[PDB]
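Reading through the structure tokens given below for one structure.
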Amino acid sequence: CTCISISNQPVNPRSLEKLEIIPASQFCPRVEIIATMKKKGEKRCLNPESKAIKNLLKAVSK
Amino acid sequence: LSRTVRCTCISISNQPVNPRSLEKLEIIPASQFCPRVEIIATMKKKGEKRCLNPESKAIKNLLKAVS
Amino acid sequence: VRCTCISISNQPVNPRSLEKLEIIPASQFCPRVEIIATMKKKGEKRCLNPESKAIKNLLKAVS
Amino acid sequence: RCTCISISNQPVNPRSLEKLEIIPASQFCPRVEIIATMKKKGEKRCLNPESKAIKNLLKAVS
Numbered sequence: 317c318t319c320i321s322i323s324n325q326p327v328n329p330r331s332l333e334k335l336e337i338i339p340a341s342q343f344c345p346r347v348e349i350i351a352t353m354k355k356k357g358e359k360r361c362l363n364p365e366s367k368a369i370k371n372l373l374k375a376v377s378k
Numbered sequence: 024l025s026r027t028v029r030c031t032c033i034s035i036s037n038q039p040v041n042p043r044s045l046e047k048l049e050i051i052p053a054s055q056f057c058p059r060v061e062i063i064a065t066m067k068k069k070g071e072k073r074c075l076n077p078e079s080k081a082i083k084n085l086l087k088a089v090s
Numbered sequence: 011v012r013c014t015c016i017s018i019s020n021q022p023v024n025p026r027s028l029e030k031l032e033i034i035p036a037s038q039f040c041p042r043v044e045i046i047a048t049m050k051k052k053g054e055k056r057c058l059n060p061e062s063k064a065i066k067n068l069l070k071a072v073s
Numbered sequence: 539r540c541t542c543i544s545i546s547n548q549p550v551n552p553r554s555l556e557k558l559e560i561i562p563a564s565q566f567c568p569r570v571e572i573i574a575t576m577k578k579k580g581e582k583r584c585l586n587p588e589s590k591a592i593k594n595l596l597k598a599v600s
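Residue numbers (this note's numbering), protein chains in the order written: chain A, 317 to 378; chain B, 24 to 90; chain C, 11 to 73; chain D, 539 to 600.
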């Protein structure tokens, strides 16, 4: 897929420009949570398993 | 200061979306370029881009649903 | 469709802060050319003047 | 991680283009990319930033 490497690193919501979620397609057996950081626009993936993701979305809501 | 450009969504839809029909989904929290969160649903069919109303209680379950 | 540009800046673009640059030719619900530039920092967008020449340069300087 | 996997070779009618975007070589994708969004069925297509045509096409669409 798009992630060459998933990250277990925490990401502070307030540093999120746009969070992207791409459910398992027909040519990518697995979920993909790509975060796009503000500064520099750093793009890194997120381990779908990690627990903080299980609430990072609820965060980017307000 | 005042913002130069507009937000990405002309309209936000209250209609719910079946998680399995989503091909993508992206949350874009506010900024001083679009002072409000825009939830964009990218459907599988006709690569259409429908925006979802973050207010809709519907667009609060669709996220856990995708993972 | 609509025109995303509320404004257009005559300021010069940091050819190296240019995260991404879009060129939306004139449509129907937006009868004009819009040149949007997203700067890396914060990923903030800024419209550029398509009549200006800063474009002949910048645009070319980005390929 | 890059957006463009395989840049296209065949010419894009300078008018039949709905939107064009340039992403200069970044710390997240070593190469200057050019995605041509097509009106009809809004297909997406990576152009070849080298074809002398492109250099001119980016000019024409302004």
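Here a beta-carbon is modelled for each residue, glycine too, at the ideal position from N, C-alpha and C.
Can you tell me where the alpha helix (DSSP H) with residue i in it begins and where it stops?
i: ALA598(D); result: 590 to 598
Between which residues of its own chain and residue i is the CB-CB distance below 8 Å, once the five residues before and five after are set aside?
i: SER17(C); result: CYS57
i: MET576(D); result: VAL550, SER554, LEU555, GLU556, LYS582, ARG583
i: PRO568(D); result: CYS540
i: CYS319(A); result: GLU348, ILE350, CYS361
Considering only the beta carbon of each residue, do residue i and residue j sit closer than 8 Å?
i: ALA598(D); j: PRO562(D); result: no
i: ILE45(C); j: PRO60(C); result: yes
i: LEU596(D); j: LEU69(C); result: yes
How far does the beta strand (DSSP E) with residue i in it reach, from first residue to last?
i: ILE350(A); result: 349 to 353
i: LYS30(C); result: 28 to 34
i: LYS579(D); result: It is not in any beta strand (DSSP E) - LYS579(D) carries neither H nor E in the DSSP assignment.
Given this structure, state the Cα-to-Cα distance separating residue i from residue j, to the nearest angstrom.
i: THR27(B); j: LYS52(C); result: 14 Å
i: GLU559(D); j: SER73(C); result: 11 Å
i: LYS367(A); j: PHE343(A); result: 26 Å
i: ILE82(B); j: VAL347(A); result: 18 Å
i: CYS540(D); j: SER546(D); result: 15 Å
i: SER25(B); j: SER37(C); result: 26 Å
i: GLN38(B); j: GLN548(D); result: 40 Å
Check the DSSP bridge columns for residue i and list the partner residues they point to.
i: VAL28(B); result: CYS15(C)
i: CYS344(A); result: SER341(A)
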